[PDB]
C-alpha cells in the first residue's frame, strides 16, 4: 500500500560463499529501477549501507569460511535493524548471500521485547540449517537458520539476543536438503512445503497454513532466497536447483505475504548479477513489486 517510510538496507556480503558478485546485488537492483519501485510505496526511503569487508576470500578447505567477515557484517546488520525496525513501516534488506539472514533475524529479535513471538518464513531451495561440523561446503550461507536456533559456533550463535525455536519457522520451496537438515526438519517437526508440495496443493494452501501458524505471533519476518524460484526464471544465483517454484506461484506468494498485517521486514538475497544480470534482476523486481502490490 503506502507507508510513511521504507527503510532500505543494502548488505554487500559475499563472504558466506565463494563466488564473486553477490555483493553487487543491491547496486544492480538499483540500476534496474529498485528505487523507483520504492517510490510507489513511500515518499521517504531511508537507505543504510552495511560496510563491505575488503579482505581476501578464504578459498581453501575449511568448515567455516571467512567467519570474521560474516560475524562483523551480521553484527552491524543486527544493530542497524535494531534501531530502524518499525511495526508501522517496512524494512527491506537486500543482499548479498544468505549468511545475512542470521543478522537479519537477530535484528528483529533485538528490536522487540524479550517475550515477543517472532515468526520466520524462509523461501529457499535450501533449509540453510547446516553447521560447520556437517556442512559439505564450509560456506556459512548454508548455516544461518541453524545459528538462529542455537546450533553453530559461539561467535555466530551469540549474535542472537536470544534464540528462535524450530517451531517459529515455515519453509517454502525447499528441495535440496543435506542429511543434517533432514534430521532437524524431521526431529523438530519443522513446518514446510517442499517445491513438489507447492505443486500438489497450490500456493493458496501455503498462504493459509502461514496465516494459521502465526495467528498468535507478534510479527513475521520473510527471508526470500531467489533460488527458491525455478532456474528457468532465476539464473543469476550461486546455487540454482531445478524443479523450483514457478514465477507465477512466486508472485502470488509475494502478493499474499504483502497483505499480512504482521509482516514488517523482508530480505531479498542471493542475487548474483555477475552470473546473470537482466533476466534475473527484472524477475527479482517483479517479486518485490508483487510484495508491495504494484
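Positions refer to the first chain, counted from 1.
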Determine, for stretches 107 to 115 and 197 to 205, which one has the higher mean CA B-factor as deposited. 197 to 205
Between 9 to 17 and 270 to 278, name whichever shows the higher mean Cα B factor according to the PDB entry. 270 to 278
Reading the B-factor column of the entry, which of 94, 81, 190, 156 has the highest value at its C-alpha atom? 190
From the list 258, 238, 228, 53, select the residue with the highest C-alpha B factor recorded in the entry. 258
If you rank every modelled residue in this chain by C-alpha B factor, which third holds residue 102: lowest, middle or highest? lowest
Split into thirds by Cα B-factor across the chain's modelled residues, where does residue 63 land: lowest, middle or highest? middle
With respect to C-alpha B-factor, does residue 70 fall in the lowest, middle or highest third of the chain as deposited? lowest
Of the three thirds of Cα B-factor ranks in this chain, residue 124 occupies the lowest
For residue 150, the third of its chain by CA B-factor is the middle
